[PDB]
file target_2.cif (mmCIF, N, CA and C atoms and all ligand atoms)
data_input
loop_
_atom_site.label_atom_id
_atom_site.label_comp_id
_atom_site.auth_asym_id
_atom_site.auth_seq_id
_atom_site.Cartn_x
_atom_site.Cartn_y
_atom_site.Cartn_z
N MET A 1 16.32 0.17 -11.46
CA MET A 1 15.12 -0.68 -11.28
C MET A 1 14.04 0.08 -10.54
N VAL A 2 14.12 0.18 -9.23
CA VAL A 2 13.02 0.75 -8.42
C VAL A 2 13.19 2.28 -8.29
N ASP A 3 14.26 2.88 -8.85
CA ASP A 3 14.65 4.23 -8.36
C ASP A 3 13.59 5.30 -8.61
N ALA A 4 12.76 5.18 -9.65
CA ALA A 4 11.74 6.22 -9.93
C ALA A 4 10.65 6.21 -8.83
N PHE A 5 10.50 5.11 -8.09
CA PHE A 5 9.51 5.02 -7.02
C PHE A 5 9.97 5.73 -5.73
N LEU A 6 11.26 5.99 -5.60
CA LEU A 6 11.79 6.46 -4.32
C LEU A 6 11.36 7.89 -4.05
N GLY A 7 11.11 8.19 -2.81
CA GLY A 7 10.80 9.54 -2.33
C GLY A 7 9.55 9.57 -1.52
N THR A 8 9.03 10.81 -1.36
CA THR A 8 7.89 11.08 -0.50
C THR A 8 6.70 11.41 -1.40
N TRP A 9 5.58 10.77 -1.13
CA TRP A 9 4.39 10.80 -2.00
C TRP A 9 3.18 11.11 -1.15
N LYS A 10 2.28 11.93 -1.70
CA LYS A 10 1.09 12.34 -0.98
C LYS A 10 -0.17 11.88 -1.72
N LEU A 11 -1.18 11.41 -1.00
CA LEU A 11 -2.42 10.95 -1.66
C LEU A 11 -3.16 12.16 -2.23
N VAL A 12 -3.53 12.06 -3.51
CA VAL A 12 -4.29 13.14 -4.18
C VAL A 12 -5.55 12.64 -4.87
N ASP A 13 -5.86 11.34 -4.89
CA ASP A 13 -7.09 10.81 -5.50
C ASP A 13 -7.31 9.42 -4.95
N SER A 14 -8.57 9.05 -4.73
CA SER A 14 -8.88 7.68 -4.30
C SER A 14 -10.20 7.25 -4.88
N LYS A 15 -10.21 6.05 -5.45
CA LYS A 15 -11.40 5.44 -6.06
C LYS A 15 -11.59 4.04 -5.49
N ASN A 16 -12.78 3.80 -4.96
CA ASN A 16 -13.22 2.47 -4.48
C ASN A 16 -12.43 1.97 -3.28
N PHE A 17 -11.85 2.85 -2.48
CA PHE A 17 -11.15 2.40 -1.28
C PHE A 17 -12.12 1.81 -0.27
N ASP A 18 -13.32 2.34 -0.13
CA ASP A 18 -14.27 1.74 0.78
C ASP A 18 -14.57 0.30 0.35
N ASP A 19 -14.76 0.05 -0.94
CA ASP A 19 -15.01 -1.32 -1.41
C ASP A 19 -13.87 -2.23 -0.97
N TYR A 20 -12.64 -1.82 -1.18
CA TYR A 20 -11.47 -2.62 -0.84
C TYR A 20 -11.41 -2.89 0.65
N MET A 21 -11.55 -1.87 1.48
CA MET A 21 -11.54 -2.07 2.92
C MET A 21 -12.67 -2.99 3.36
N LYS A 22 -13.85 -2.81 2.80
CA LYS A 22 -14.97 -3.65 3.22
C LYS A 22 -14.70 -5.11 2.84
N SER A 23 -14.12 -5.33 1.68
CA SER A 23 -13.80 -6.71 1.24
C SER A 23 -12.87 -7.38 2.26
N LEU A 24 -11.94 -6.61 2.82
CA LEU A 24 -10.99 -7.11 3.82
C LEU A 24 -11.62 -7.21 5.22
N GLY A 25 -12.86 -6.78 5.41
CA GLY A 25 -13.53 -6.87 6.70
C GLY A 25 -13.24 -5.72 7.64
N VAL A 26 -12.75 -4.60 7.14
CA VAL A 26 -12.56 -3.40 7.99
C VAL A 26 -13.92 -2.87 8.41
N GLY A 27 -14.10 -2.56 9.67
CA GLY A 27 -15.36 -2.10 10.22
C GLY A 27 -15.76 -0.71 9.76
N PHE A 28 -17.05 -0.42 9.81
CA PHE A 28 -17.57 0.79 9.16
C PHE A 28 -16.98 2.06 9.80
N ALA A 29 -16.73 2.05 11.10
CA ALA A 29 -16.27 3.30 11.74
C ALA A 29 -14.84 3.60 11.29
N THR A 30 -14.03 2.55 11.15
CA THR A 30 -12.66 2.69 10.64
C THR A 30 -12.68 3.13 9.19
N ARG A 31 -13.56 2.51 8.38
CA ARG A 31 -13.64 2.90 6.95
C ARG A 31 -13.98 4.39 6.85
N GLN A 32 -14.84 4.84 7.71
CA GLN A 32 -15.25 6.26 7.69
C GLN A 32 -14.04 7.19 7.92
N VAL A 33 -13.20 6.92 8.92
CA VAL A 33 -11.98 7.72 9.17
C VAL A 33 -11.04 7.57 7.99
N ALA A 34 -10.80 6.33 7.57
CA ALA A 34 -9.86 6.08 6.48
C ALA A 34 -10.26 6.83 5.19
N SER A 35 -11.54 6.96 4.92
CA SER A 35 -12.04 7.60 3.69
C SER A 35 -11.68 9.10 3.65
N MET A 36 -11.32 9.68 4.80
CA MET A 36 -11.01 11.11 4.90
C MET A 36 -9.54 11.34 5.23
N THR A 37 -8.74 10.30 5.26
CA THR A 37 -7.32 10.43 5.60
C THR A 37 -6.53 10.53 4.30
N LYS A 38 -5.46 11.30 4.30
CA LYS A 38 -4.57 11.42 3.14
C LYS A 38 -3.16 11.04 3.55
N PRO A 39 -2.81 9.79 3.40
CA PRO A 39 -1.50 9.37 3.86
C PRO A 39 -0.37 9.95 3.02
N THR A 40 0.79 9.92 3.66
CA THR A 40 2.08 10.14 3.02
C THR A 40 2.81 8.81 2.97
N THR A 41 3.31 8.45 1.79
CA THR A 41 4.12 7.23 1.65
C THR A 41 5.53 7.64 1.34
N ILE A 42 6.48 7.09 2.06
CA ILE A 42 7.89 7.35 1.87
C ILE A 42 8.55 6.03 1.48
N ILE A 43 9.23 6.04 0.35
CA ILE A 43 9.91 4.83 -0.15
C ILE A 43 11.38 5.16 -0.22
N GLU A 44 12.20 4.43 0.53
CA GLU A 44 13.65 4.65 0.65
C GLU A 44 14.36 3.33 0.34
N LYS A 45 15.54 3.40 -0.24
CA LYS A 45 16.37 2.18 -0.39
C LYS A 45 17.74 2.43 0.23
N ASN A 46 18.30 1.34 0.65
CA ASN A 46 19.69 1.27 1.16
C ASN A 46 20.23 -0.03 0.62
N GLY A 47 20.97 0.06 -0.46
CA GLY A 47 21.40 -1.15 -1.13
C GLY A 47 20.20 -1.95 -1.59
N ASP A 48 20.17 -3.23 -1.21
CA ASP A 48 19.08 -4.14 -1.64
C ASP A 48 17.88 -4.08 -0.69
N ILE A 49 17.89 -3.19 0.31
CA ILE A 49 16.76 -3.15 1.24
C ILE A 49 15.91 -1.90 0.98
N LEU A 50 14.64 -2.13 0.74
CA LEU A 50 13.66 -1.05 0.63
C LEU A 50 12.91 -0.92 1.93
N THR A 51 12.60 0.33 2.26
CA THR A 51 11.75 0.63 3.40
C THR A 51 10.60 1.47 2.90
N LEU A 52 9.39 1.09 3.25
CA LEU A 52 8.17 1.77 2.80
C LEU A 52 7.40 2.15 4.05
N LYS A 53 7.32 3.48 4.28
CA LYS A 53 6.60 4.06 5.41
C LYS A 53 5.28 4.62 4.92
N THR A 54 4.24 4.44 5.70
CA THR A 54 2.95 5.07 5.40
C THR A 54 2.52 5.79 6.67
N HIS A 55 2.39 7.11 6.56
CA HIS A 55 2.13 7.99 7.70
C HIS A 55 0.79 8.68 7.52
N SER A 56 0.04 8.82 8.59
CA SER A 56 -1.21 9.56 8.52
C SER A 56 -1.60 10.03 9.92
N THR A 57 -2.70 10.79 9.98
CA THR A 57 -3.31 11.19 11.25
C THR A 57 -4.01 10.07 11.96
N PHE A 58 -4.21 8.91 11.36
CA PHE A 58 -4.93 7.79 12.00
C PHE A 58 -3.99 6.65 12.39
N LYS A 59 -3.36 6.00 11.42
CA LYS A 59 -2.41 4.92 11.69
C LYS A 59 -1.18 5.15 10.84
N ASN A 60 -0.09 4.58 11.32
CA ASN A 60 1.18 4.55 10.61
C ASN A 60 1.64 3.11 10.46
N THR A 61 2.36 2.85 9.38
CA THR A 61 3.01 1.55 9.18
C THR A 61 4.40 1.75 8.64
N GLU A 62 5.23 0.73 8.78
CA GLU A 62 6.52 0.69 8.12
C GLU A 62 6.89 -0.78 7.86
N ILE A 63 7.40 -1.03 6.66
CA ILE A 63 7.94 -2.35 6.32
C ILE A 63 9.30 -2.16 5.68
N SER A 64 10.19 -3.14 5.88
CA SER A 64 11.44 -3.24 5.16
C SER A 64 11.54 -4.61 4.50
N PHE A 65 12.12 -4.66 3.32
CA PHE A 65 12.15 -5.92 2.56
C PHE A 65 13.21 -5.84 1.50
N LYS A 66 13.69 -7.01 1.04
CA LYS A 66 14.44 -7.11 -0.21
C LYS A 66 13.47 -7.53 -1.29
N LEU A 67 13.65 -7.01 -2.50
CA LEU A 67 12.84 -7.44 -3.63
C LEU A 67 13.04 -8.93 -3.79
N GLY A 68 11.91 -9.60 -4.00
CA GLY A 68 11.92 -11.00 -4.34
C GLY A 68 12.20 -11.93 -3.20
N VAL A 69 12.14 -11.46 -1.96
CA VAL A 69 12.38 -12.27 -0.76
C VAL A 69 11.18 -12.14 0.16
N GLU A 70 10.55 -13.24 0.50
CA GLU A 70 9.37 -13.20 1.34
C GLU A 70 9.70 -12.60 2.72
N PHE A 71 8.73 -11.91 3.29
CA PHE A 71 8.84 -11.32 4.62
C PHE A 71 7.50 -11.44 5.33
N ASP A 72 7.55 -11.53 6.65
CA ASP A 72 6.37 -11.42 7.47
C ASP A 72 5.94 -9.97 7.57
N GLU A 73 4.63 -9.73 7.56
CA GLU A 73 4.08 -8.37 7.67
C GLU A 73 2.83 -8.42 8.52
N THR A 74 2.62 -7.39 9.31
CA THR A 74 1.39 -7.18 10.05
C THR A 74 0.80 -5.88 9.51
N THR A 75 -0.32 -5.99 8.79
CA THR A 75 -0.85 -4.86 8.05
C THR A 75 -1.54 -3.86 8.97
N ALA A 76 -1.91 -2.72 8.42
CA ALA A 76 -2.53 -1.64 9.20
C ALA A 76 -3.82 -2.11 9.86
N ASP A 77 -4.55 -3.01 9.17
CA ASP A 77 -5.79 -3.61 9.69
C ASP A 77 -5.54 -4.92 10.45
N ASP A 78 -4.30 -5.18 10.80
CA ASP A 78 -3.93 -6.23 11.77
C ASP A 78 -4.04 -7.63 11.16
N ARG A 79 -3.85 -7.75 9.92
CA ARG A 79 -3.69 -9.07 9.26
C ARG A 79 -2.22 -9.50 9.31
N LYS A 80 -1.96 -10.74 9.73
CA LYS A 80 -0.60 -11.29 9.75
C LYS A 80 -0.42 -12.07 8.47
N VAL A 81 0.40 -11.57 7.57
CA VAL A 81 0.48 -12.07 6.21
C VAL A 81 1.92 -12.41 5.84
N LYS A 82 2.04 -13.23 4.82
CA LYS A 82 3.32 -13.51 4.15
C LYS A 82 3.35 -12.68 2.91
N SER A 83 4.38 -11.86 2.78
CA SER A 83 4.48 -10.86 1.71
C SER A 83 5.68 -11.04 0.85
N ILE A 84 5.58 -10.58 -0.38
CA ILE A 84 6.71 -10.49 -1.28
C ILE A 84 6.45 -9.28 -2.17
N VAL A 85 7.52 -8.55 -2.47
CA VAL A 85 7.48 -7.39 -3.37
C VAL A 85 8.46 -7.64 -4.48
N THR A 86 8.03 -7.47 -5.72
CA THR A 86 8.81 -7.75 -6.92
C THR A 86 8.59 -6.62 -7.90
N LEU A 87 9.57 -6.41 -8.79
CA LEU A 87 9.41 -5.52 -9.95
C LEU A 87 8.91 -6.39 -11.11
N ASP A 88 7.78 -6.01 -11.70
CA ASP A 88 7.12 -6.83 -12.74
C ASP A 88 6.57 -5.84 -13.76
N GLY A 89 7.12 -5.84 -14.96
CA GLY A 89 6.63 -4.88 -15.96
C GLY A 89 6.89 -3.45 -15.58
N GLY A 90 7.91 -3.19 -14.79
CA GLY A 90 8.20 -1.85 -14.30
C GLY A 90 7.33 -1.44 -13.14
N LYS A 91 6.45 -2.29 -12.64
CA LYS A 91 5.56 -2.02 -11.53
C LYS A 91 6.12 -2.68 -10.29
N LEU A 92 5.98 -2.04 -9.12
CA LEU A 92 6.25 -2.70 -7.82
C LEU A 92 5.00 -3.45 -7.42
N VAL A 93 5.13 -4.75 -7.38
CA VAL A 93 3.97 -5.62 -7.09
C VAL A 93 4.18 -6.23 -5.71
N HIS A 94 3.31 -5.90 -4.77
CA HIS A 94 3.31 -6.41 -3.40
C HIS A 94 2.16 -7.40 -3.30
N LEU A 95 2.49 -8.67 -3.03
CA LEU A 95 1.50 -9.73 -2.85
C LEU A 95 1.50 -10.14 -1.40
N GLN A 96 0.33 -10.14 -0.78
CA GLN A 96 0.11 -10.60 0.61
C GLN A 96 -0.74 -11.86 0.59
N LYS A 97 -0.34 -12.82 1.40
CA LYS A 97 -1.05 -14.17 1.50
C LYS A 97 -1.35 -14.42 2.98
N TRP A 98 -2.54 -14.84 3.29
CA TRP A 98 -2.93 -15.25 4.64
C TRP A 98 -4.17 -16.10 4.54
N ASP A 99 -4.21 -17.16 5.30
CA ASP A 99 -5.47 -17.94 5.42
C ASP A 99 -5.95 -18.40 4.04
N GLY A 100 -5.05 -18.58 3.07
CA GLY A 100 -5.46 -18.94 1.69
C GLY A 100 -5.95 -17.76 0.85
N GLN A 101 -6.12 -16.62 1.47
CA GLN A 101 -6.53 -15.35 0.81
C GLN A 101 -5.29 -14.70 0.23
N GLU A 102 -5.54 -13.82 -0.72
CA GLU A 102 -4.49 -13.00 -1.31
C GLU A 102 -5.01 -11.59 -1.57
N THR A 103 -4.11 -10.62 -1.50
CA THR A 103 -4.38 -9.26 -2.03
C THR A 103 -3.12 -8.76 -2.67
N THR A 104 -3.28 -7.96 -3.70
CA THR A 104 -2.15 -7.32 -4.36
C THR A 104 -2.25 -5.80 -4.20
N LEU A 105 -1.09 -5.21 -4.03
CA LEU A 105 -0.87 -3.76 -3.95
C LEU A 105 0.14 -3.45 -5.02
N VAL A 106 -0.30 -2.88 -6.13
CA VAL A 106 0.53 -2.70 -7.32
C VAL A 106 0.78 -1.22 -7.50
N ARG A 107 2.04 -0.82 -7.61
CA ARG A 107 2.41 0.58 -7.83
C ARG A 107 3.03 0.74 -9.19
N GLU A 108 2.60 1.76 -9.91
CA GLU A 108 3.18 2.06 -11.20
C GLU A 108 3.22 3.56 -11.35
N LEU A 109 4.14 3.99 -12.17
CA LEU A 109 4.33 5.41 -12.45
C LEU A 109 3.69 5.72 -13.77
N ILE A 110 2.82 6.70 -13.80
CA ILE A 110 2.14 7.18 -15.02
C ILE A 110 2.20 8.70 -14.98
N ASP A 111 2.88 9.26 -15.98
CA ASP A 111 3.04 10.73 -16.10
C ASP A 111 3.54 11.32 -14.77
N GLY A 112 4.50 10.67 -14.12
CA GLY A 112 5.09 11.18 -12.87
C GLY A 112 4.26 10.99 -11.63
N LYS A 113 3.07 10.42 -11.73
CA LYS A 113 2.25 10.12 -10.57
C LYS A 113 2.39 8.65 -10.25
N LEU A 114 2.25 8.34 -8.97
CA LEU A 114 2.32 6.94 -8.53
C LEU A 114 0.89 6.46 -8.34
N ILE A 115 0.54 5.43 -9.11
CA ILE A 115 -0.82 4.86 -9.07
C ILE A 115 -0.72 3.52 -8.31
N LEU A 116 -1.44 3.43 -7.22
CA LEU A 116 -1.51 2.25 -6.37
C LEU A 116 -2.84 1.58 -6.65
N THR A 117 -2.80 0.35 -7.15
CA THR A 117 -4.01 -0.44 -7.42
C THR A 117 -4.06 -1.56 -6.39
N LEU A 118 -5.16 -1.60 -5.66
CA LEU A 118 -5.38 -2.55 -4.56
C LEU A 118 -6.49 -3.50 -4.99
N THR A 119 -6.23 -4.81 -4.99
CA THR A 119 -7.24 -5.80 -5.41
C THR A 119 -7.40 -6.84 -4.34
N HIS A 120 -8.62 -7.07 -3.91
CA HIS A 120 -8.96 -8.19 -3.01
C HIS A 120 -10.36 -8.65 -3.40
N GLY A 121 -10.54 -9.96 -3.56
CA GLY A 121 -11.83 -10.45 -4.04
C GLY A 121 -12.11 -9.83 -5.39
N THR A 122 -13.28 -9.25 -5.57
CA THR A 122 -13.59 -8.53 -6.80
C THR A 122 -13.31 -7.04 -6.68
N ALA A 123 -12.97 -6.54 -5.49
CA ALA A 123 -12.80 -5.09 -5.27
C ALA A 123 -11.47 -4.65 -5.86
N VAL A 124 -11.53 -3.55 -6.60
CA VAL A 124 -10.36 -2.93 -7.22
C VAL A 124 -10.38 -1.44 -6.89
N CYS A 125 -9.40 -1.00 -6.13
CA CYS A 125 -9.26 0.40 -5.71
C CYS A 125 -8.05 0.99 -6.37
N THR A 126 -8.14 2.26 -6.78
CA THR A 126 -7.05 2.99 -7.44
C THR A 126 -6.79 4.24 -6.57
N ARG A 127 -5.57 4.38 -6.02
CA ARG A 127 -5.15 5.54 -5.24
C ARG A 127 -3.99 6.18 -5.92
N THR A 128 -4.07 7.48 -6.11
CA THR A 128 -3.04 8.21 -6.85
C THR A 128 -2.28 9.11 -5.88
N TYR A 129 -0.95 9.06 -5.98
CA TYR A 129 -0.03 9.85 -5.13
C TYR A 129 0.75 10.83 -6.02
N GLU A 130 1.08 11.89 -5.52
CA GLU A 130 1.89 12.93 -6.18
C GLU A 130 3.18 13.06 -5.37
N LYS A 131 4.29 13.31 -6.05
CA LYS A 131 5.58 13.39 -5.39
C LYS A 131 5.69 14.71 -4.68
N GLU A 132 6.14 14.64 -3.44
CA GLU A 132 6.69 15.75 -2.63
C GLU A 132 8.17 16.04 -2.97
N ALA A 133 8.51 17.28 -3.06
CA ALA A 133 9.85 17.89 -3.26
C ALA A 133 10.74 17.56 -2.06
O1 LIG A 201 -1.19 3.05 1.16
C1 LIG A 201 -2.38 3.29 0.96
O2 LIG A 201 -2.89 4.25 0.32
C2 LIG A 201 -3.45 2.47 1.65
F1 LIG A 201 -4.09 3.21 2.64
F2 LIG A 201 -4.47 2.22 0.80
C3 LIG A 201 -3.05 1.18 2.23
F3 LIG A 201 -2.36 0.54 1.30
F4 LIG A 201 -2.22 1.47 3.29
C4 LIG A 201 -4.14 0.21 2.78
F5 LIG A 201 -4.85 -0.31 1.78
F6 LIG A 201 -5.06 0.96 3.49
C5 LIG A 201 -3.73 -0.84 3.73
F7 LIG A 201 -3.32 -0.36 4.85
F8 LIG A 201 -2.55 -1.30 3.25
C6 LIG A 201 -4.65 -2.04 4.05
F9 LIG A 201 -4.87 -2.77 3.00
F10 LIG A 201 -3.96 -2.83 4.89
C7 LIG A 201 -6.01 -1.74 4.64
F11 LIG A 201 -5.89 -1.04 5.71
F12 LIG A 201 -6.73 -1.16 3.72
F13 LIG A 201 -6.72 -2.74 5.10
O1 LIG A 202 -7.27 0.86 10.09
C1 LIG A 202 -7.59 0.23 9.09
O2 LIG A 202 -7.99 -0.90 9.20
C2 LIG A 202 -7.45 1.09 7.89
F1 LIG A 202 -7.73 0.23 6.89
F2 LIG A 202 -8.57 1.82 7.79
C3 LIG A 202 -5.98 1.94 7.79
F3 LIG A 202 -5.36 2.57 8.96
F4 LIG A 202 -5.19 0.93 7.32
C4 LIG A 202 -6.17 3.10 6.84
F5 LIG A 202 -6.74 4.27 7.49
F6 LIG A 202 -7.10 2.55 5.85
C5 LIG A 202 -4.79 3.38 6.25
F7 LIG A 202 -5.26 4.13 5.22
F8 LIG A 202 -4.14 2.29 5.83
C6 LIG A 202 -3.88 4.16 7.19
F9 LIG A 202 -4.49 4.90 8.13
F10 LIG A 202 -2.96 3.23 7.69
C7 LIG A 202 -3.20 5.04 6.22
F11 LIG A 202 -2.73 4.37 5.17
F12 LIG A 202 -4.21 5.93 6.10
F13 LIG A 202 -2.15 5.43 6.84
#
call {"tool": "encode", "arguments": {"input": "target_2.cif", "output": "structure tokens", "more": "lines below"}}
Ligand SMILES: O=C(O)C(F)(F)C(F)(F)C(F)(F)C(F)(F)C(F)(F)C(F)(F)F
Ligand SMILES: O=C(O)C(F)(F)C(F)(F)C(F)(F)C(F)(F)C(F)(F)C(F)(F)F
result
Amino acid sequence: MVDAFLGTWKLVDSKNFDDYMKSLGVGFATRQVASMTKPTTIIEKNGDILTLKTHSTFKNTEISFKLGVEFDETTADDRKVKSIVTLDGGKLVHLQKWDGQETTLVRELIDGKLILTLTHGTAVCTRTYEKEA
């Protein structure tokens, strides 16, 4: 199921991330740092539990979850959300809900690259990761 997503991934392309951050209300000085950061994402499984780490020179996050089971999450920008991650069409779909708002973080594999599509409001950001050995 999820096994092609597992491993260490490095950011190699980003489109419309400023739009996405601004839609979420991230302040301009933070957006400026974030626009120049290249995170590493590490996706590990242990049985039915996935752990997704995001590491950078600015902020780090880590979440653990079972597919299809809601979990509490506090995002990098300090939103307290109700989250669920599911496999849908071969994509890892992460849905966050708070205050009646929603955002999706969708990961899919295309030609061995991991494409992360972030949608909030009308903003749609595409971030591409390449696998580390
Ligand atoms: O993993 C990535 O590339 C990523 F930086 F885009 C990201 F998903 F972490 C993210 F979008 F920045 C995020 F941290 F999750 C965020 F949505 F919470 C926000 F910070 F942008 F507000
Ligand atoms: O700090 C915010 O609000 C932020 F959105 F800018 C941010 F830290 F989440 C980030 F820089 F966008 C981020 F990209 F998610 C990150 F730094 F966490 C990382 F993913 F780069 F690691």
call {"tool": "closest_residue", "arguments": {"input": "target_2.cif", "among": "A:72, A:44, A:77, A:19", "to": "ligand LIG 202 (chain A)", "atoms": "all atoms listed in the file"}}
result
A:77
call {"tool": "closest_residue", "arguments": {"input": "target_2.cif", "among": "A:62, A:48, A:132, A:3", "to": "ligand LIG 201 (chain A)", "atoms": "only C-alpha atoms and all ligand atoms"}}
result
A:62
call {"tool": "residues_near_ligand", "arguments": {"input": "target_2.cif", "ligand": "ligand LIG 201 (chain A)", "cutoff": "5 Å", "atoms": "all atoms listed in the file", "output": "JSON, numbers by chain"}}
result
{"A": [21, 75, 76, 77]}
call {"tool": "residues_near_ligand", "arguments": {"input": "target_2.cif", "ligand": "ligand LIG 202 (chain A)", "cutoff": "7 Å", "atoms": "all atoms listed in the file", "output": "ChimeraX atom specification"}}
result
/A:21,26-27,30-35,37-40,54-61,75-78
call {"tool": "residues_around", "arguments": {"input": "target_2.cif", "residues": "residue 23 (chain A)", "least_positions_apart": "5", "cutoff": "7 Å", "atoms": "only N, CA and C atoms", "output": "mmCIF file with N, CA and C atoms, keeping the file's coordinate frame"}}
result
data_model
loop_
_atom_site.group_PDB
_atom_site.id
_atom_site.type_symbol
_atom_site.label_atom_id
_atom_site.label_comp_id
_atom_site.auth_asym_id
_atom_site.auth_seq_id
_atom_site.Cartn_x
_atom_site.Cartn_y
_atom_site.Cartn_z
ATOM 1 N N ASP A 18 -13.320 2.340 -0.130
ATOM 2 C CA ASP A 18 -14.270 1.740 0.780
ATOM 3 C C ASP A 18 -14.570 0.300 0.350
ATOM 4 N N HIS A 120 -8.620 -7.070 -3.910
ATOM 5 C CA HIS A 120 -8.960 -8.190 -3.010
ATOM 6 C C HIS A 120 -10.360 -8.650 -3.400
ATOM 7 N N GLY A 121 -10.540 -9.960 -3.560
ATOM 8 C CA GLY A 121 -11.830 -10.450 -4.040
ATOM 9 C C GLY A 121 -12.110 -9.830 -5.390
ATOM 10 N N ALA A 123 -12.970 -6.540 -5.490
ATOM 11 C CA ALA A 123 -12.800 -5.090 -5.270
ATOM 12 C C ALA A 123 -11.470 -4.650 -5.860
#
call {"tool": "residues_around", "arguments": {"input": "target_2.cif", "residues": "residue 2 (chain A)", "least_positions_apart": "2", "cutoff": "8 Å", "atoms": "all atoms listed in the file", "output": "PyMOL selection string"}}
result
chain A and resi 4-6+87+90-92
call {"tool": "closest_residue", "arguments": {"input": "target_2.cif", "among": "A:29, A:79, A:85, A:122", "to": "residue 105 (chain A)", "atoms": "only C-alpha atoms"}}
result
A:85
call {"tool": "atom_distance", "arguments": {"input": "target_2.cif", "atom1": "CA of residue 15 (chain A)", "atom2": "CA of residue 71 (chain A)"}}
result
28.4 Å
call {"tool": "select_by_dssp", "arguments": {"input": "target_2.cif", "residues": "region 28-100 of chain A", "states": "strand (DSSP E or B)", "output": "number ranges by chain"}}
result
A: 40-46, 49-55, 61-66, 71-74, 80-88, 91-98
call {"tool": "closest_residue", "arguments": {"input": "target_2.cif", "among": "A:93, A:50, A:69, A:11", "to": "residue 128 (chain A)", "atoms": "only C-alpha atoms"}}
result
A:11
call {"tool": "closest_residue", "arguments": {"input": "target_2.cif", "among": "A:107, A:7, A:89, A:114", "to": "residue 45 (chain A)", "atoms": "only N, CA and C atoms"}}
result
A:7
call {"tool": "closest_residue", "arguments": {"input": "target_2.cif", "among": "A:64, A:46, A:103, A:74", "to": "residue 118 (chain A)", "atoms": "only C-alpha atoms"}}
result
A:103
call {"tool": "atom_distance", "arguments": {"input": "target_2.cif", "atom1": "atom C of residue 16 (chain A)", "atom2": "atom N of residue 82 (chain A)"}}
result
22.5 Å
call {"tool": "atom_distance", "arguments": {"input": "target_2.cif", "atom1": "atom N of residue 52 (chain A)", "atom2": "CA of residue 100 (chain A)"}}
result
25.0 Å
